[PDB]
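What follows is one structure encoded as structure tokens, with my remarks underneath.
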Amino acid sequence: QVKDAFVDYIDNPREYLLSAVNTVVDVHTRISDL
Amino acid sequence: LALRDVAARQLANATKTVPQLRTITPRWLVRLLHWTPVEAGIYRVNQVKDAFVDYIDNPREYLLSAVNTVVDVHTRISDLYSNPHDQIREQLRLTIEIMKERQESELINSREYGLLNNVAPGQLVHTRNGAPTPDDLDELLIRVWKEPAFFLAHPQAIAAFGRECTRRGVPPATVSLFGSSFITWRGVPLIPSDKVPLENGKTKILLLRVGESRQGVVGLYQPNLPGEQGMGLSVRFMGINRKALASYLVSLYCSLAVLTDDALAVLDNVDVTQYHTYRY
Amino acid sequence: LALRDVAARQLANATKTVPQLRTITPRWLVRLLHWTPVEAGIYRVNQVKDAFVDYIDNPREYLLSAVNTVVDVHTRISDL
Amino acid sequence: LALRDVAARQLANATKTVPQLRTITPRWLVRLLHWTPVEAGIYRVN
Amino acid sequence: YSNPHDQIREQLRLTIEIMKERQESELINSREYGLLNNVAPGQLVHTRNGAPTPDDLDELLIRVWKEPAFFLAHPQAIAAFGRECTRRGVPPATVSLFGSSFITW
């Protein structure tokens, strides 16, 4: 970001960390086989 | 006043190194050994009895040993942070480095195989006065007089031998091997290894002949492994658990055989803490 | 006196058979049956009722059954 | 519990070395000498 | 029992190894031929003080000054000569022959 919009930048910019959402899908082998 | 360095640095890509592992050693012994493949994990060393020609009926069989390590990497870490460095590859690389260090230490110190425990009677020499003098290494060379390959010693023991050579006014020669310089005694190089035990300033020095053509020391490994990444080394994907941790199995199969008993000698009671006082 | 058999045998490769399983049978019935594929595990056998021509409305449905066995082999055994 | 190592080893071929003879030496003198053939077993040095 | 190793060939190989060792020992020690018994008068040197010092090997080199090829010694005698060289502060040089290192004087 430009600070207080000479041209200076802020020294503590926000860093966005990607988040993880996990789901485990359990399927019995006989169900998918049959 | 103008744009400052700390603010302009927020736009700059930092150059990131791979993680530095300080316990990595050159592992000279593994590079100096001759390696024999054992296709089914059993190495039987047949011997002539009391060298008509008869063989012994109970030859030693060497079973290759397995060392396993599980490498757990969270799937989100390898998914998110693998640019520009593969996270799984770095974890595996480092894991294999540590396992190779352990393998060298086992080639020296194992209780089943392992040079310091498979030394024959009559091949164990003792220092006359503690410090590793030229005479003690000459004794070692008496024991392995048939084409000796190299000495193996702790770097402090190599320094102590150098001090003993300096006190006697003898500069030992050096050779270049693998782009590195090594002290030699009577043309036999002194190879450093920090896996040789050193406790209370007391260590040991080994002398080896290597190879199957000669009847020397050989390393043993398993040649055809699933997921093979190196000599006797394999990496397998184990699966992912419920908490999204991916596991990898690192396996190392290795052993060591001393084919004849005059291929190895050990100098015992080496003292590395003695310093001469030069007065003139 | 010369080289003995027990000592010379230390140099010889033994011929190893696969493990013999004595409970194996020819299993003639399986070889004599006719085998019908069921693509989705359900086999409905329709029947003529009291053999105009009518069919029963509650035919038997055969559900294929599953028998599972887990085979554990240590990685070092298959490696070595 | 699963298949054990001692039982699985009954299926494995052992690698057998030739018999090791510890009294073998490099015999440097024979390799360093010059060897002269004598066709009829008699060598007369004049 | 000749799979994978020929039994006759191994027996013969080992037998020939033992005979070659005996042959080297006879080249050194035989009573008819044999270097230690076919030494001329004037070519037999004695150590001045027991141990094989540099001066004794210099005497030997006096006796065979015309293009000498090599010394032949027991490995313990080579170690004793090395100890005598170390006591005098002399490191002897080494050569490579047949892929092996040897002390030279």
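Naming scheme: A, B, ... for chains in displayed order of the structure tokens; residues 1 onward per chain; ligands 1 onward as shown.
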For a quick test of understanding: name the residues of chain C lying within 12 Å of chain B when counting only C-alpha atoms, and present them as a compact mmCIF listing (two decimals) with N, CA and C atoms, in the first residue's frame.
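Saved the output as selection-v3.txt:
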```txt
# COMPACT_ATOMS: atom_id res chain seq x y z
N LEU C 1 41.98 -88.93 2.49
CA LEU C 1 40.98 -87.93 2.87
C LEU C 1 40.92 -86.80 1.85
N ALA C 2 39.72 -86.27 1.63
CA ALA C 2 39.50 -85.25 0.62
C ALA C 2 38.38 -84.33 1.09
N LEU C 3 37.91 -83.47 0.19
CA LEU C 3 36.80 -82.58 0.51
C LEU C 3 35.54 -83.37 0.79
N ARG C 4 34.85 -83.01 1.87
CA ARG C 4 33.67 -83.71 2.34
C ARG C 4 32.41 -83.12 1.74
N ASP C 5 31.31 -83.88 1.85
CA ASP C 5 30.05 -83.47 1.25
C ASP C 5 29.44 -82.27 1.99
N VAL C 6 29.49 -82.28 3.32
CA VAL C 6 28.86 -81.20 4.08
C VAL C 6 29.56 -79.88 3.81
N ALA C 7 30.88 -79.91 3.60
CA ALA C 7 31.61 -78.68 3.32
C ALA C 7 31.37 -78.21 1.89
N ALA C 8 31.40 -79.13 0.93
CA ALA C 8 31.14 -78.76 -0.46
C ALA C 8 29.71 -78.29 -0.66
N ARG C 9 28.79 -78.69 0.21
CA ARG C 9 27.40 -78.27 0.09
C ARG C 9 27.21 -76.80 0.42
N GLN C 10 28.15 -76.19 1.15
CA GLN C 10 28.09 -74.77 1.44
C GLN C 10 28.24 -73.89 0.21
N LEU C 11 28.67 -74.45 -0.92
CA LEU C 11 28.80 -73.70 -2.16
C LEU C 11 27.62 -73.88 -3.10
N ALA C 12 26.67 -74.75 -2.77
CA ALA C 12 25.64 -75.18 -3.70
C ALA C 12 24.33 -74.44 -3.48
N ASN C 13 23.70 -74.03 -4.57
CA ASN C 13 22.38 -73.43 -4.51
C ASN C 13 21.32 -74.50 -4.28
N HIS C 74 5.45 -57.42 5.77
CA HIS C 74 6.43 -56.42 6.16
C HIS C 74 7.27 -56.00 4.96
N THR C 75 7.51 -54.70 4.83
CA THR C 75 8.23 -54.19 3.67
C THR C 75 9.64 -54.74 3.59
N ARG C 76 10.28 -55.00 4.73
CA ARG C 76 11.63 -55.52 4.70
C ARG C 76 11.67 -56.96 4.20
N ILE C 77 10.60 -57.73 4.43
CA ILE C 77 10.56 -59.11 3.96
C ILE C 77 10.45 -59.15 2.44
N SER C 78 9.58 -58.33 1.87
CA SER C 78 9.45 -58.30 0.42
C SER C 78 10.63 -57.60 -0.24
N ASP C 79 11.27 -56.67 0.47
CA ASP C 79 12.46 -56.01 -0.07
C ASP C 79 13.65 -56.95 -0.10
N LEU C 80 13.87 -57.70 0.98
CA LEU C 80 15.10 -58.46 1.13
C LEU C 80 15.02 -59.84 0.49
```
Apply DSSP to the structure's backbone, then extract all residues of chain C labelled helix (DSSP H, G or I) and return them as a ChimeraX atom specification. /C:5-11,28-32,75-79
Between B:145, B:81, B:275, B:178, smallest distance to residue 18 of chain A by only C-alpha atoms belongs to B:81
Could you work out which residues of chain D fall inside 10 Å of chain C? Count only C-alpha atoms, and format the result as number ranges by chain. D: 1-19
Residues of chain B near chain A: apply a cut-off of 10 Å, count only C-alpha atoms, and supply the list as a PDB file with C-alpha atoms, in the first residue's frame.
```pdb
ATOM      1  CA  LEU B   1      13.246  12.901   1.826  1.00  0.00           C
ATOM      2  CA  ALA B   2      12.427  10.045  -0.552  1.00  0.00           C
ATOM      3  CA  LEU B   3      11.415   6.384  -0.605  1.00  0.00           C
ATOM      4  CA  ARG B   4      13.110   4.455   2.199  1.00  0.00           C
ATOM      5  CA  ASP B   5      14.861   1.089   2.060  1.00  0.00           C
ATOM      6  CA  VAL B   6      12.532  -0.743   4.457  1.00  0.00           C
ATOM      7  CA  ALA B   7       9.485   0.282   2.417  1.00  0.00           C
ATOM      8  CA  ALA B   8      11.041  -0.495  -0.970  1.00  0.00           C
ATOM      9  CA  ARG B   9      12.088  -3.894   0.391  1.00  0.00           C
ATOM     10  CA  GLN B  10       8.404  -4.893   0.619  1.00  0.00           C
ATOM     11  CA  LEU B  11       8.435  -5.207  -3.192  1.00  0.00           C
ATOM     12  CA  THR B  75      -0.795 -31.976   2.827  1.00  0.00           C
ATOM     13  CA  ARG B  76      -1.525 -28.268   3.233  1.00  0.00           C
ATOM     14  CA  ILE B  77       2.177 -27.491   3.700  1.00  0.00           C
ATOM     15  CA  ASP B  79       0.138 -27.841  -1.314  1.00  0.00           C
ATOM     16  CA  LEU B  80       0.619 -24.219  -0.283  1.00  0.00           C
ATOM     17  CA  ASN B 241      -4.159 -40.275   7.610  1.00  0.00           C
ATOM     18  CA  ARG B 242      -7.360 -38.652   8.871  1.00  0.00           C
ATOM     19  CA  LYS B 243      -5.589 -35.427   9.889  1.00  0.00           C
ATOM     20  CA  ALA B 244      -4.295 -34.877   6.328  1.00  0.00           C
TER      21      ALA B 244
END
```
Between atom CA of residue 59 of chain E and atom CA of residue 42 of chain E, measure the distance and give it in Å to one decimal.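 Atom CA of residue 59 of chain E sits 11.6 Å away from atom CA of residue 42 of chain E.
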Given a cut-off of 12 Å, which residues of chain C touch chain A, counting only C-alpha atoms, written out as a PyMOL selection string? chain C and resi 37-43+63-68
Can you write just those residues out, C-alpha atoms, as a short mmCIF file (atom, residue, chain, number, x, y, z; two decimals), in the first residue's frame?
```cif
data_model
loop_
_atom_site.label_atom_id
_atom_site.label_comp_id
_atom_site.auth_asym_id
_atom_site.auth_seq_id
_atom_site.Cartn_x
_atom_site.Cartn_y
_atom_site.Cartn_z
CA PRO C 37 -22.28 -61.78 -14.20
CA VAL C 38 -24.29 -59.30 -12.15
CA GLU C 39 -23.15 -55.78 -13.03
CA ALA C 40 -24.66 -54.08 -9.99
CA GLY C 41 -24.69 -56.77 -7.32
CA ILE C 42 -28.45 -57.46 -7.50
CA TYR C 43 -29.96 -60.52 -9.20
CA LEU C 63 -27.46 -59.73 -3.22
CA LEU C 64 -23.84 -60.55 -3.96
CA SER C 65 -21.88 -61.02 -0.76
CA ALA C 66 -18.41 -59.69 0.01
CA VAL C 67 -15.65 -61.60 1.78
CA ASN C 68 -12.54 -59.55 2.54
#
```
Within 7 Å of residue 259 of chain B, counting only C-alpha atoms, which residues show up once you throw out same-chain ones fewer than 6 positions away? Write them as an MDAnalysis selection string, please. (chainID B and resid 45 215:217) or (chainID D and resid 20)
Selection: 10 Å around residue 63 of chain E, only C-alpha atoms, excl. self and same-chain fewer than 4 positions, as a compact mmCIF listing (two decimals) with N, CA, C and O atoms, in the first residue's frame:
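out_36.txt, freshly written:
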```
# COMPACT_ATOMS: atom_id res chain seq x y z
N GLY E 42 81.56 -61.84 0.30
CA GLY E 42 81.71 -60.43 0.06
C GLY E 42 80.41 -59.69 -0.16
O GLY E 42 80.40 -58.46 -0.10
N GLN E 43 79.32 -60.41 -0.42
CA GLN E 43 78.00 -59.82 -0.58
C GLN E 43 77.14 -59.98 0.66
O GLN E 43 75.97 -59.58 0.65
N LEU E 44 77.68 -60.56 1.73
CA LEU E 44 76.95 -60.74 2.98
C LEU E 44 77.35 -59.63 3.94
O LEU E 44 78.51 -59.56 4.37
N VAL E 45 76.39 -58.78 4.29
CA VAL E 45 76.62 -57.65 5.17
C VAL E 45 75.94 -57.94 6.51
O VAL E 45 74.92 -58.62 6.57
N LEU E 57 71.27 -50.23 5.10
CA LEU E 57 70.76 -50.28 3.74
C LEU E 57 71.69 -49.56 2.77
O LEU E 57 71.80 -49.96 1.61
N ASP E 58 72.41 -48.53 3.23
CA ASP E 58 73.44 -47.93 2.40
C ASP E 58 74.57 -48.90 2.12
O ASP E 58 75.13 -48.93 1.02
N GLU E 59 74.93 -49.73 3.11
CA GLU E 59 75.91 -50.79 2.87
C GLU E 59 75.42 -51.77 1.81
O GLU E 59 76.16 -52.13 0.88
N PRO E 68 70.45 -51.40 -8.79
CA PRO E 68 69.64 -52.27 -7.94
C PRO E 68 68.15 -52.10 -8.21
O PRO E 68 67.68 -51.00 -8.50
```
Chain E contacts on chain B, only C-alpha atoms, 10 Å, as a ChimeraX atom specification: /B:48,51-54,134-149,165-173,185-188
Spatial neighbours of residue 47 of chain C, 8 Å, only C-alpha atoms, chain gap at least 4 places, as a ChimeraX atom specification: /C:55-56,59
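Distance-wise, atom CA of residue 105 of chain B and atom CA of residue 196 of chain B end up 7.6 Å apart.
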Extract the full set of strand (DSSP E) residues from segment 56-125 of chain B according to DSSP on the backbone, and format it as an NGL selection string. :B and (60-63 or 65-74 or 124-125)
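Nearest to chain D of all the residues E:97, E:31, E:37, E:46 is E:97, based on only C-alpha atoms.
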Would you kindly report the residues of chain E within 12 Å of chain C, using only C-alpha atoms, as number ranges by chain? E: 1-8, 10-12
With N, CA and C atoms kept, could you save the residues just selected as a compact mmCIF listing (two decimals), in the first residue's frame?
```txt
# COMPACT_ATOMS: atom_id res chain seq x y z
N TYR E 1 27.10 -80.77 -6.61
CA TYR E 1 27.17 -79.46 -5.98
C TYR E 1 27.94 -78.43 -6.79
N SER E 2 27.88 -78.51 -8.12
CA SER E 2 28.62 -77.58 -8.98
C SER E 2 27.73 -76.51 -9.58
N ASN E 3 26.78 -76.01 -8.81
CA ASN E 3 25.96 -74.88 -9.20
C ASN E 3 25.76 -73.99 -7.98
N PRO E 4 26.14 -72.71 -8.05
CA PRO E 4 26.68 -72.03 -9.23
C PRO E 4 28.20 -72.01 -9.31
N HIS E 5 28.89 -72.76 -8.46
CA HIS E 5 30.34 -72.78 -8.41
C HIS E 5 30.86 -74.15 -8.81
N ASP E 6 31.76 -74.17 -9.79
CA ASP E 6 32.45 -75.40 -10.17
C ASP E 6 33.31 -75.88 -9.00
N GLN E 7 33.02 -77.07 -8.48
CA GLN E 7 33.74 -77.57 -7.32
C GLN E 7 35.18 -77.93 -7.67
N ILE E 8 35.39 -78.60 -8.80
CA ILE E 8 36.74 -78.96 -9.22
C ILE E 8 37.57 -77.71 -9.47
N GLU E 10 37.24 -74.74 -8.09
CA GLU E 10 37.61 -74.09 -6.84
C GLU E 10 38.71 -74.85 -6.12
N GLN E 11 38.59 -76.18 -6.08
CA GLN E 11 39.64 -76.98 -5.47
C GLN E 11 40.98 -76.76 -6.17
N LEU E 12 40.98 -76.72 -7.50
CA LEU E 12 42.21 -76.52 -8.25
C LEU E 12 42.76 -75.11 -8.04
```
For chain D, the nearest of the candidates E:48, E:32, E:60, E:70, counting only C-alpha atoms: E:70
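Of the listed residues B:266, B:258, B:124, B:107, the one whose atoms come nearest to chain D is B:258, with distances taken using only C-alpha atoms.
The two atoms in question, atom CA of residue 49 of chain E and atom CA of residue 72 of chain E, are spaced 20.0 Å apart.
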